[PDB]
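Here's the structure, in C-alpha cells; my notes come after.
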Amino acid sequence: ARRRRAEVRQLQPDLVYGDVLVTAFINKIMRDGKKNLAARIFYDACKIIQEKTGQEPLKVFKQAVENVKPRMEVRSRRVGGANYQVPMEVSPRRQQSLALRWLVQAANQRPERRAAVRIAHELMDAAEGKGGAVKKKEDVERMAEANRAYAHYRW
Amino acid sequence: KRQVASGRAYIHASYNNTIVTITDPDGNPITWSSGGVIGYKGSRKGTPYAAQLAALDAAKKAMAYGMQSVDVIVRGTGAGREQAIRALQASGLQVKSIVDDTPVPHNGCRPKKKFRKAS
Amino acid sequence: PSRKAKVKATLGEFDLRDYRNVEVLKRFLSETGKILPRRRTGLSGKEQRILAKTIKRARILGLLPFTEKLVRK
RNA sequence: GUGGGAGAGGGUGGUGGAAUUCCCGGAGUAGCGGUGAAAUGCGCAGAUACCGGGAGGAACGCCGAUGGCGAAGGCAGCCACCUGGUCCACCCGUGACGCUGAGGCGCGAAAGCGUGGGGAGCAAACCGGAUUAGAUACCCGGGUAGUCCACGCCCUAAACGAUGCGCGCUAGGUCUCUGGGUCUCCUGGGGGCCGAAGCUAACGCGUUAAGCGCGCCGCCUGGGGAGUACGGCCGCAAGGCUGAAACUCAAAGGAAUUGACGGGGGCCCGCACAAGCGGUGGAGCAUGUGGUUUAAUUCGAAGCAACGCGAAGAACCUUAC
Ligand SMILES: [K+]
Ligand SMILES: [K+]
Ligand SMILES: [K+]
Ligand SMILES: [K+]
Ligand SMILES: [K+]
Ligand SMILES: [K+]
Ligand SMILES: [K+]
Ligand SMILES: [K+]
Ligand SMILES: [K+]
Ligand SMILES: [K+]
Ligand SMILES: [K+]
Ligand SMILES: [K+]
Ligand SMILES: [K+]
Ligand SMILES: [K+]
Ligand SMILES: [K+]
Ligand SMILES: [K+]
Ligand SMILES: [K+]
Ligand SMILES: [K+]
Ligand SMILES: [Mg+2]
Ligand SMILES: [Mg+2]
Ligand SMILES: [Mg+2]
Ligand SMILES: [Mg+2]
Ligand SMILES: [Mg+2]
Ligand SMILES: [Mg+2]
Ligand SMILES: [Mg+2]
Ligand SMILES: [Mg+2]
Ligand SMILES: [Mg+2]
Ligand SMILES: [Mg+2]
Ligand SMILES: [Mg+2]
Ligand SMILES: [Mg+2]
Ligand SMILES: [Mg+2]
Ligand SMILES: [Mg+2]
Ligand SMILES: [Mg+2]
Ligand SMILES: [Mg+2]
Ligand SMILES: [Mg+2]
Ligand SMILES: [Mg+2]
Ligand SMILES: [Mg+2]
Ligand SMILES: [Mg+2]
Ligand SMILES: [Mg+2]
Ligand SMILES: [Mg+2]
Ligand SMILES: [Mg+2]
Ligand SMILES: [Mg+2]
Ligand SMILES: [Mg+2]
Ligand SMILES: [Mg+2]
Ligand SMILES: [Mg+2]
Ligand SMILES: [Mg+2]
Ligand SMILES: [Mg+2]
Ligand SMILES: [Mg+2]
Ligand SMILES: [Mg+2]
Ligand SMILES: [Mg+2]
Ligand SMILES: [Mg+2]
Ligand SMILES: [Mg+2]
Ligand SMILES: [Mg+2]
Ligand SMILES: [Mg+2]
Ligand SMILES: [Mg+2]
Ligand SMILES: [Mg+2]
Ligand SMILES: [Mg+2]
Ligand SMILES: [Mg+2]
Ligand SMILES: [Mg+2]
Ligand SMILES: [Mg+2]
Ligand SMILES: [Mg+2]
Ligand SMILES: [Mg+2]
Ligand SMILES: [Mg+2]
Ligand SMILES: [Mg+2]
Ligand SMILES: [Mg+2]
Ligand SMILES: [Mg+2]
Ligand SMILES: [Mg+2]
Ligand SMILES: [Mg+2]
Ligand SMILES: [Mg+2]
Ligand SMILES: [Mg+2]
Ligand SMILES: [Mg+2]
Ligand SMILES: [Mg+2]
Ligand SMILES: [Mg+2]
Ligand SMILES: [Mg+2]
Ligand SMILES: [Mg+2]
Ligand SMILES: [Mg+2]
C-alpha cells in the first residue's frame, strides 16, 4: 500500500436481510472458504435470537456490533529510547472490522458446543452490554487513554 | 480556607515538569501543584497532560479558599506550558489575563556546557 | 515581513539625540522594552546608531524601560 | 596647515538594569531536580514554585548587521577625563624630506607561572550516579586549580585571507559603511558579491589580483626519523627560539573525475514493514542435510541464490561406493 489509498471492497448485500454488514459478519464466521456452512450458521443464529427474544434478529445484531466498537485504541510507536503505547482515535472503518472480528472470536470462546448458539448467545450478551466481545472493547478503550500522557504524539 | 476570591496563577514550565502556584493579590501562595503532586514521577511530569492535571489540581485547591478569578503569569518554555494556560481557563476560574514573564539575562552568567554555543 | 508603517513615517521632525523626549523615543521600543530593529524603526544605519545611544541614556534616567512583560501568550 | 566626519581603537575613574547564587522575612506543602530511561543529589532542621529586603561576583539582552575600529593579537551597557590611528574638502605651506627593512626594541588570544586580592556562575583534576562486553568517555549530581582584578612573567596558535609591505598599470555590473558635490547621478576612502582581459594543475583569483610590472624583507628544496638529539640563547617553571645526524621508504602530496559508501539530505518504489488471514518453530511421520557410525554409507550443491536441490522413480539394474 505504498502507491495508492487502496479502495474498499464493496460486499454483495445479504441474500436475506439484504444488508451488507451481515455478509461481512458471515465472511468472518466463514473459514476455509465454506461460504455455505458459514451463512447457515449465522441464520440459525437469527432463528435462536427469535425463539428467545420477541425482537427482530437483525435489530439485535446491529445493536451488538455497535457496543463492540472501540472509539479509541492504543497504537505502538517509537520515539528514540523506547516504544510508547500511543492512544489514538479509531477509524469508522476499523471500528466495524474490529467489532465483527471480536464477535466471532468471543463467540467461539464460549462453552456451548453448537456454533450457531455461541454466535446467537454472544450477539445477545452484546446487545445488553456484557460478554467477551464488549470486554475487549472496554479493555482497549481503557487500555488506551490510560496512556493519555502520550496524547501529544498525535499521528 | 481564608477567602481570597481573586488572585494570581503562576505557571513554571520546564522541559522536565510544570508546576502551578496560585497566590493572593500580593503574590503569597495559597496552594500549588505539579506533575509530581499528581501521580507522575519520572519523565511524565513534563508531559502536557501532567501539566493539565497539575493545573486543574491547583485551581480546585484554590476553590477551597473561595477564589474565583486569576491573573495568569507564565514563566519558561516547556512541553505543556500552553496546556496549563488552557486547563485553567476551562476550570471555573476566570482568566482575566495571561502574561509571559520568563526571565532572560542581559547576558551575565556563563551557562552550563549543556546550554552553550547558542545564538 | 514587518510591514505596518515604519515608526519614522508616522512621525514628524525630532532630535534623535534628545534623551528626554519620552513620547517620541517610547515609539521605538516594542511591546517589550526592546529597541525595534531597522525594519520597524525605518531609520538609517547612522540614525539608528544614535537612537540606541539616546534610548540607553533615557533608560538610565528612568524615563524609559529596559524590559516589559508580554500581555497574552 | 585650515575646516569638517565616522568608529565595540587604547588607558583611568565612575555608574545602570536583567539574571544566577547565597543570606533575611513573608506566605505555602510534598516533592524538586534530572534523563533515552534512571539514579546519585537536594527537601518536614519545610525544599521546589511565589512576593518582599539584602550582599556579592561576573557578563552586558534588544539595537546588532551580510555593520564598524585597530598593525596584529583583538575591541560591545552607559557617563566623564586622558589618548592613538584614519577619511574627505580647500590647493594654503615644505620641496624627494621617499619604499623596504638583517639585527634591535616594543606589542602579542587561550592555557600556564609568581605575589597579593577576589570568587556569583562555570569548570581540567578529582568524588560520586548512570551507560557499556568493558567505559580510567560521551549523559547526570557534585567540585579544586582556573576563569575575574593588580603588579610581574611566559611568547604560543588553524597568531588564517593558510595570500609579506609599498607604488604604477589593466572592462564593467551590483549591495553596503563613511565623507564631499551641480545630490536621477557624479566623486574619494572602507566592506561584500558577479564578472572583461589575463592568470591558475585545477579549485578558483579577477581595481580589496592569485593579472601586468619595479623595489626591499621573510621563507621553501621528497616522506619517515623530528620540530626530536646536541650546542647556544631566553624562562622561576612549564617550556620557547635556533635546529641536525645515523637509519629508512617509492613514495608523501595538491586539485579535480567516475564510482562505491555514509548511524548525510531530498524525492520514490517492492507482501519491505504496517493492516490482516493461514502457517512454520512443539508431536508423530515422510523427505533433503549436518554430524556420527561403517568394509562402504559414491559424488556434488553452502547465507540470500545449498538443504522433497542434480535424483521427472536407488530392492538387482540404475551405481559412480
Ligand atoms: K564566560
Ligand atoms: K525521595
Ligand atoms: K523546579
Ligand atoms: K562583522
Ligand atoms: K592551574
Ligand atoms: K583578562
Ligand atoms: K607580559
Ligand atoms: K551626500
Ligand atoms: K580553466
Ligand atoms: K568554490
Ligand atoms: K598563485
Ligand atoms: K637546548
Ligand atoms: K629575559
Ligand atoms: K634557568
Ligand atoms: K540518501
Ligand atoms: K514477506
Ligand atoms: K498499526
Ligand atoms: K526447534
Ligand atoms: Mg522530570
Ligand atoms: Mg583636520
Ligand atoms: Mg566623516
Ligand atoms: Mg557624520
Ligand atoms: Mg572602543
Ligand atoms: Mg524563606
Ligand atoms: Mg533523603
Ligand atoms: Mg514535621
Ligand atoms: Mg534547615
Ligand atoms: Mg515558615
Ligand atoms: Mg531557590
Ligand atoms: Mg527574591
Ligand atoms: Mg559585587
Ligand atoms: Mg561571597
Ligand atoms: Mg584593517
Ligand atoms: Mg579574529
Ligand atoms: Mg582621534
Ligand atoms: Mg601649493
Ligand atoms: Mg618654492
Ligand atoms: Mg616599515
Ligand atoms: Mg600573552
Ligand atoms: Mg597572551
Ligand atoms: Mg589568561
Ligand atoms: Mg594566578
Ligand atoms: Mg590566587
Ligand atoms: Mg578566597
Ligand atoms: Mg556545576
Ligand atoms: Mg559535571
Ligand atoms: Mg621571568
Ligand atoms: Mg580565518
Ligand atoms: Mg580602465
Ligand atoms: Mg549602477
Ligand atoms: Mg560615495
Ligand atoms: Mg569600493
Ligand atoms: Mg567587512
Ligand atoms: Mg575569461
Ligand atoms: Mg593560482
Ligand atoms: Mg576543470
Ligand atoms: Mg571575484
Ligand atoms: Mg598591486
Ligand atoms: Mg624557517
Ligand atoms: Mg629527509
Ligand atoms: Mg614546541
Ligand atoms: Mg642526517
Ligand atoms: Mg640521513
Ligand atoms: Mg632521505
Ligand atoms: Mg583530495
Ligand atoms: Mg517503478
Ligand atoms: Mg507495491
Ligand atoms: Mg503483489
Ligand atoms: Mg505484518
Ligand atoms: Mg498470526
Ligand atoms: Mg515440527
Ligand atoms: Mg561412501
Ligand atoms: Mg555421511
Ligand atoms: Mg567431484
Ligand atoms: Mg551428501
Ligand atoms: Mg545397487
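Residues in the C-alpha cells are named by chain (A, B, ... in the order shown) and by number from 1 within that chain; ligands are numbered from 1 in the order shown.
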**Asked** Counting only C-alpha atoms, which residues from chain B have an atom at most 12 Å from any atom of chain C, and could you show them as a PyMOL selection string?
**Response** chain B and resi 11+71-77+81-86+95-106
Take the residues from that selection and write them out as an mmCIF file, in the first residue's frame, keeping C-alpha atoms.
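New file again-v9.cif:
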data_model
loop_
_atom_site.group_PDB
_atom_site.id
_atom_site.type_symbol
_atom_site.label_atom_id
_atom_site.label_comp_id
_atom_site.auth_asym_id
_atom_site.auth_seq_id
_atom_site.Cartn_x
_atom_site.Cartn_y
_atom_site.Cartn_z
ATOM 1 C CA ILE B 11 2.959 28.533 35.578
ATOM 2 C CA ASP B 71 -4.269 36.569 36.500
ATOM 3 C CA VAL B 72 -2.123 34.022 34.730
ATOM 4 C CA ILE B 73 1.638 34.533 34.626
ATOM 5 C CA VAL B 74 3.819 32.242 32.539
ATOM 6 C CA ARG B 75 7.489 31.542 33.007
ATOM 7 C CA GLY B 76 9.819 29.451 30.953
ATOM 8 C CA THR B 77 9.308 27.360 27.865
ATOM 9 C CA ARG B 81 3.111 25.287 29.133
ATOM 10 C CA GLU B 82 0.123 26.017 26.906
ATOM 11 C CA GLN B 83 -1.935 23.085 28.189
ATOM 12 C CA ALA B 84 -1.806 24.695 31.617
ATOM 13 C CA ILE B 85 -2.890 28.046 30.200
ATOM 14 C CA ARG B 86 -5.868 26.130 28.796
ATOM 15 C CA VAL B 95 -8.719 34.020 33.462
ATOM 16 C CA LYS B 96 -8.558 37.800 33.417
ATOM 17 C CA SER B 97 -5.217 37.904 31.642
ATOM 18 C CA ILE B 98 -2.216 35.885 30.555
ATOM 19 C CA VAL B 99 1.279 37.352 30.729
ATOM 20 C CA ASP B 100 4.602 35.838 29.730
ATOM 21 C CA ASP B 101 7.353 36.815 32.156
ATOM 22 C CA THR B 102 10.146 34.318 31.532
ATOM 23 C CA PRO B 103 13.431 35.639 32.927
ATOM 24 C CA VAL B 104 16.204 36.270 30.413
ATOM 25 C CA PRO B 105 19.552 37.793 31.371
ATOM 26 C CA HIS B 106 21.106 40.746 29.587
#
**Prompt:** Excluding same-chain residues fewer than 6 positions from residue C:39, what lies within 10 Å of it counting only C-alpha atoms (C1' of nucleotides), as a list in words?
**Reply:**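 That gives residues 1, 2, 3, 4, 5, 6 and 7 of chain C.
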Taking N, CA and C atoms for each residue, export the selection above as a JSON list (two decimals), in the first residue's frame.
[["chain", "number", "residue", "atom", "x", "y", "z"],
["C", 1, "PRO", "N", 6.15, 40.67, 6.34],
["C", 1, "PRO", "CA", 7.51, 40.71, 6.91],
["C", 1, "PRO", "C", 7.86, 42.05, 7.57],
["C", 2, "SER", "N", 7.13, 42.39, 8.63],
["C", 2, "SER", "CA", 7.32, 43.64, 9.38],
["C", 2, "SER", "C", 6.92, 44.89, 8.60],
["C", 3, "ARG", "N", 5.73, 44.85, 8.00],
["C", 3, "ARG", "CA", 5.23, 45.98, 7.22],
["C", 3, "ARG", "C", 3.94, 46.55, 7.81],
["C", 4, "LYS", "N", 4.11, 47.55, 8.68],
["C", 4, "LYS", "CA", 2.99, 48.20, 9.35],
["C", 4, "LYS", "C", 3.36, 49.66, 9.56],
["C", 5, "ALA", "N", 3.87, 50.30, 8.51],
["C", 5, "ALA", "CA", 4.28, 51.70, 8.57],
["C", 5, "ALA", "C", 5.44, 51.88, 9.53],
["C", 6, "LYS", "N", 6.64, 52.04, 8.99],
["C", 6, "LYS", "CA", 7.82, 52.23, 9.83],
["C", 6, "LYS", "C", 7.62, 53.41, 10.77],
["C", 7, "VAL", "N", 8.08, 53.26, 12.00],
["C", 7, "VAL", "CA", 7.93, 54.29, 13.02],
["C", 7, "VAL", "C", 8.37, 55.69, 12.60]]
**Message:** List as an MDAnalysis selection string the protein and nucleic acid residues near residue C:46, meaning an atom at most 12 Å away when only C-alpha atoms (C1' of nucleotides) are counted, but skip any in the same chain fewer than 3 places from it.
**Reply:** (chainID C and resid 16:17 38 42:43 49:53) or (chainID D and resid 6:7 67:68 177:178)
**Request:** Check every protein, DNA and RNA residue against ligand 75, keep those with an atom at most 9 Å away (counting only C-alpha atoms (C1' of nucleotides) and all ligand atoms), and present them as a ChimeraX atom specification.
**Result:** /D:289,299-301
**Item:** Within 8 Å of chain D: residues of chain A, using only C-alpha atoms (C1' of nucleotides), as a PyMOL selection string
**Value:** chain A and resi 2+80-82
**Request:** Could you check how far atom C1' of residue D:219 sits from atom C1' of residue D:162, in Å to one decimal?
**Result:**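 Interatomic distance, atom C1' of residue D:219 to atom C1' of residue D:162: 14.5 Å.
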Up to 7 Å from chain D, what residues of chain C turn up? Count only C-alpha atoms (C1' of nucleotides) and give them as an mmCIF file with N, CA, C and O atoms, in the first residue's frame.
data_model
loop_
_atom_site.group_PDB
_atom_site.id
_atom_site.type_symbol
_atom_site.label_atom_id
_atom_site.label_comp_id
_atom_site.auth_asym_id
_atom_site.auth_seq_id
_atom_site.Cartn_x
_atom_site.Cartn_y
_atom_site.Cartn_z
ATOM 1 N N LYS C 34 12.261 46.488 24.369
ATOM 2 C CA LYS C 34 13.336 46.271 23.405
ATOM 3 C C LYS C 34 13.360 47.247 22.247
ATOM 4 O O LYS C 34 12.307 47.603 21.722
ATOM 5 N N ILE C 35 14.565 47.669 21.854
ATOM 6 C CA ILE C 35 14.748 48.601 20.743
ATOM 7 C C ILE C 35 14.391 47.929 19.429
ATOM 8 O O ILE C 35 14.977 46.912 19.058
ATOM 9 N N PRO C 37 14.074 46.894 15.567
ATOM 10 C CA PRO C 37 15.067 46.729 14.509
ATOM 11 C C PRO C 37 14.912 47.883 13.535
ATOM 12 O O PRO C 37 14.130 48.803 13.778
ATOM 13 N N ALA C 52 19.896 54.384 19.506
ATOM 14 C CA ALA C 52 20.335 53.470 20.549
ATOM 15 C C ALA C 52 21.029 54.205 21.686
ATOM 16 O O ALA C 52 20.633 54.096 22.843
ATOM 17 N N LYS C 56 19.360 54.354 25.438
ATOM 18 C CA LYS C 56 20.105 53.811 26.570
ATOM 19 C C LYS C 56 20.379 54.869 27.635
ATOM 20 O O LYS C 56 20.642 54.537 28.788
ATOM 21 N N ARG C 57 20.315 56.140 27.249
ATOM 22 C CA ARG C 57 20.519 57.246 28.191
ATOM 23 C C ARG C 57 19.203 57.414 28.937
ATOM 24 O O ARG C 57 19.180 57.551 30.157
ATOM 25 N N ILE C 60 18.648 54.739 31.683
ATOM 26 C CA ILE C 60 19.373 55.005 32.917
ATOM 27 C C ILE C 60 18.713 56.115 33.742
ATOM 28 O O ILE C 60 18.758 56.096 34.972
ATOM 29 N N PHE C 66 13.683 49.012 30.426
ATOM 30 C CA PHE C 66 14.708 48.125 29.888
ATOM 31 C C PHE C 66 13.969 46.903 29.333
ATOM 32 O O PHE C 66 14.314 46.377 28.266
#
**Prompt:** Which of these residues is nearest to chain D, using only C-alpha atoms (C1' of nucleotides): B:60, B:1, B:45, B:12?
**Reply:**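 Going through B:60, B:1, B:45, B:12 one by one, the smallest distance to chain D is for B:12.
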**Request:** Find, counting only C-alpha atoms (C1' of nucleotides), the residue in B:13, B:23, B:78, B:2 that gets nearest to chain D.
**Result:**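 Among the listed residues, the smallest separation from chain D belongs to B:23.
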**Prompt:** Mind pulling up the distance from atom 1 (K, counted along the ligand's line) of ligand 6 to atom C1' of residue D:234?
**Reply:**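 About the pair atom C1' of residue D:234 and atom 1 (K, counted along the ligand's line) of ligand 6: they are 25.3 Å apart.
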**Message:** Using only C-alpha atoms (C1' of nucleotides) and all ligand atoms, which residues have at least one atom no more than 9 Å from ligand 35? Output them as number ranges by chain.
**Reply:** D: 83-86
Keeping N, CA and C atoms (P, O5', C5', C4', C3', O3' and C1' of nucleotides) for every residue in the selection just given, could you write it to a file as a PDB file, in the first residue's frame?
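Saved file part_14.pdb follows:
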ATOM      1  P     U D  83      45.284  64.498  26.186  1.00  0.00           P
ATOM      2  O5'   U D  83      45.444  63.139  25.388  1.00  0.00           O
ATOM      3  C5'   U D  83      46.645  62.374  25.507  1.00  0.00           C
ATOM      4  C4'   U D  83      46.547  61.095  24.718  1.00  0.00           C
ATOM      5  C3'   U D  83      46.234  61.166  23.229  1.00  0.00           C
ATOM      6  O3'   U D  83      47.334  61.497  22.391  1.00  0.00           O
ATOM      7  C1'   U D  83      44.990  59.419  24.230  1.00  0.00           C
ATOM      8  P     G D  84      47.080  61.765  20.815  1.00  0.00           P
ATOM      9  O5'   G D  84      47.000  60.314  20.182  1.00  0.00           O
ATOM     10  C5'   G D  84      48.104  59.415  20.323  1.00  0.00           C
ATOM     11  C4'   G D  84      47.887  58.162  19.513  1.00  0.00           C
ATOM     12  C3'   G D  84      47.505  58.342  18.060  1.00  0.00           C
ATOM     13  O3'   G D  84      48.580  58.678  17.232  1.00  0.00           O
ATOM     14  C1'   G D  84      46.187  56.632  19.017  1.00  0.00           C
ATOM     15  P     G D  85      48.305  59.575  15.928  1.00  0.00           P
ATOM     16  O5'   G D  85      47.657  58.558  14.882  1.00  0.00           O
ATOM     17  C5'   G D  85      48.305  57.320  14.590  1.00  0.00           C
ATOM     18  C4'   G D  85      47.334  56.345  13.993  1.00  0.00           C
ATOM     19  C3'   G D  85      46.676  56.754  12.690  1.00  0.00           C
ATOM     20  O3'   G D  85      47.504  56.526  11.571  1.00  0.00           O
ATOM     21  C1'   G D  85      45.038  55.889  14.157  1.00  0.00           C
ATOM     22  P     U D  86      47.447  57.548  10.330  1.00  0.00           P
ATOM     23  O5'   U D  86      45.971  57.396   9.793  1.00  0.00           O
ATOM     24  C5'   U D  86      45.515  56.139   9.295  1.00  0.00           C
ATOM     25  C4'   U D  86      44.053  56.213   8.964  1.00  0.00           C
ATOM     26  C3'   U D  86      43.659  57.323   8.009  1.00  0.00           C
ATOM     27  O3'   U D  86      43.826  56.887   6.687  1.00  0.00           O
ATOM     28  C1'   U D  86      42.202  57.318   9.864  1.00  0.00           C
TER      29        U D  86
END
**Test item: residues lying within 9 Å of ligand 52 with only C-alpha atoms (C1' of nucleotides) and all ligand atoms, as a VMD selection string** = chain D and resid 189 to 191 207 to 208
**Request:** Can you tell me which residues come within 9 Å of ligand 38 when counting only C-alpha atoms (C1' of nucleotides) and all ligand atoms, ideally as a list in words?
**Result:**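 Selection of residues at most 9 Å from ligand 38: residues 99, 100, 101 and 165 of chain D.
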Check which residues of chain A sit at most 9 Å from chain B using only C-alpha atoms, and return one row each with the closest pair of atoms and their distance in Å to one decimal, ordered by chain and rising number, as a Markdown table.
| residue | atom | partner | partner_atom | distance |
| --- | --- | --- | --- | --- |
| A:148 | CA | B:49 | CA | 7.2 |
| A:149 | CA | B:49 | CA | 5.4 |
| A:150 | CA | B:47 | CA | 7.5 |
| A:151 | CA | B:49 | CA | 7.7 |
| A:152 | CA | B:48 | CA | 7.4 |
**Request:** Using only C-alpha atoms (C1' of nucleotides), determine which residues of chain D fall within 6 Å of chain B; present them as a list in words.
**Result:**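 Result: residues 18, 19, 27, 28, 50, 51, 59, 60, 61, 121 and 122 of chain D.
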**Request:** Using only C-alpha atoms (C1' of nucleotides) and all ligand atoms, determine which residues fall within 10 Å of ligand 27, then list them as a PyMOL selection string.
**Result:** chain D and resi 43-47
Selected residues written out, N, CA and C atoms (P, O5', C5', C4', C3', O3' and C1' of nucleotides), as a PDB file, in the first residue's frame:
ATOM      1  P     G D  43      18.907  19.101  52.190  1.00  0.00           P
ATOM      2  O5'   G D  43      17.318  19.136  52.018  1.00  0.00           O
ATOM      3  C5'   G D  43      16.641  20.379  51.773  1.00  0.00           C
ATOM      4  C4'   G D  43      15.145  20.169  51.711  1.00  0.00           C
ATOM      5  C3'   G D  43      14.519  19.300  52.786  1.00  0.00           C
ATOM      6  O3'   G D  43      14.326  19.949  54.017  1.00  0.00           O
ATOM      7  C1'   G D  43      13.642  18.678  50.691  1.00  0.00           C
ATOM      8  P     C D  44      14.728  19.181  55.377  1.00  0.00           P
ATOM      9  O5'   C D  44      13.515  19.546  56.371  1.00  0.00           O
ATOM     10  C5'   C D  44      12.136  19.513  55.914  1.00  0.00           C
ATOM     11  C4'   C D  44      11.192  19.135  57.044  1.00  0.00           C
ATOM     12  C3'   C D  44      11.436  17.753  57.637  1.00  0.00           C
ATOM     13  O3'   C D  44      12.425  17.831  58.716  1.00  0.00           O
ATOM     14  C1'   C D  44       9.115  18.081  57.150  1.00  0.00           C
ATOM     15  P     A D  45      12.028  18.359  60.202  1.00  0.00           P
ATOM     16  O5'   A D  45      13.086  19.510  60.507  1.00  0.00           O
ATOM     17  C5'   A D  45      12.639  20.852  60.806  1.00  0.00           C
ATOM     18  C4'   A D  45      13.733  21.850  60.524  1.00  0.00           C
ATOM     19  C3'   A D  45      14.287  21.874  59.103  1.00  0.00           C
ATOM     20  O3'   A D  45      14.639  23.218  58.757  1.00  0.00           O
ATOM     21  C1'   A D  45      16.028  21.469  60.635  1.00  0.00           C
ATOM     22  P     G D  46      13.628  24.126  57.895  1.00  0.00           P
ATOM     23  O5'   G D  46      12.880  23.079  56.949  1.00  0.00           O
ATOM     24  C5'   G D  46      13.306  22.828  55.605  1.00  0.00           C
ATOM     25  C4'   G D  46      12.129  22.961  54.669  1.00  0.00           C
ATOM     26  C3'   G D  46      11.514  24.355  54.605  1.00  0.00           C
ATOM     27  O3'   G D  46      11.037  24.603  53.285  1.00  0.00           O
ATOM     28  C1'   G D  46       9.900  22.801  55.393  1.00  0.00           C
ATOM     29  P     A D  47      11.262  26.045  52.599  1.00  0.00           P
ATOM     30  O5'   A D  47      12.211  25.733  51.376  1.00  0.00           O
ATOM     31  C5'   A D  47      13.579  25.352  51.587  1.00  0.00           C
ATOM     32  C4'   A D  47      13.967  24.243  50.638  1.00  0.00           C
ATOM     33  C3'   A D  47      13.623  24.469  49.172  1.00  0.00           C
ATOM     34  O3'   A D  47      14.554  25.297  48.499  1.00  0.00           O
ATOM     35  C1'   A D  47      12.975  22.279  49.810  1.00  0.00           C
TER      36        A D  47
END
**Message:** So that I can see what lies close to residue A:70, please list as a list in words the residues with an atom at most 10 Å from it, counting only C-alpha atoms (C1' of nucleotides) and leaving out residues fewer than 3 positions away in the same chain.
**Reply:** residues 66, 67, 73, 89, 90, 91, 92, 94, 95, 96, 98, 99, 134, 136, 137, 138, 139, 140, 141 and 142 of chain A
